[PDB]
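No Cβ is skipped: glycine too gets one built from the backbone with ideal geometry, and neighbour counts run over all protein chains shown. Only the coordinates and a few stated rules stand behind these numbers; no lab work does.
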Amino acid sequence: XXXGXXXXXXXXXXXXXXXXXXXXXXXXXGXXXXXXXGXXXXX
Amino acid sequence: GXXXXXXXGXXXXXXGXXXXXXXXXXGXXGXXXXXXXXXXXXXXXXXX
């Protein structure tokens, strides 16, 4: 019954930006994250 | 549980550069680098 996913996004890096997300799972796809921050704006 | 979106290319910019190299190892803003992402984004899934 699933057991995986996540996502989110945004990005940037040195340039600014932010967002985050993460997740993973899916029978050993691993992953992590669980946040990020900002920055902000965009959208 | 909803979601959607899509696109991005390069396996989602490499998962956003592996989430900024794991948040710079917990750098709280310090470090940095990256240089990608865009959209949009999205996702979803979930399950049992």
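Residue selection: residue B:19 fails the criterion of being more than 16 Å from residue A:40 (Cα to Cα) and either acidic (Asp, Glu) or buried (at least 16 other Cβ atoms within 10 Å of the Cβ) (or both). The criterion of at least 1 residues that are among the β-branched types (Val, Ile, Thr) and touching a residue at least 60 places away in the same chain (Cβ under 8 Å) is met by none of the strands (runs of 3 or more DSSP E) wholly inside chain A. Given (1) facing chain A (nearest Cβ under 7 Å); (2) within 14 Å of the chain's Cα centre (by Cα), where does residue B:45 come up short, assuming only one miss? Going through (1) facing chain A (nearest Cβ under 7 Å); (2) within 14 Å of the chain's Cα centre (by Cα) one by one, residue B:45 breaks only (2).
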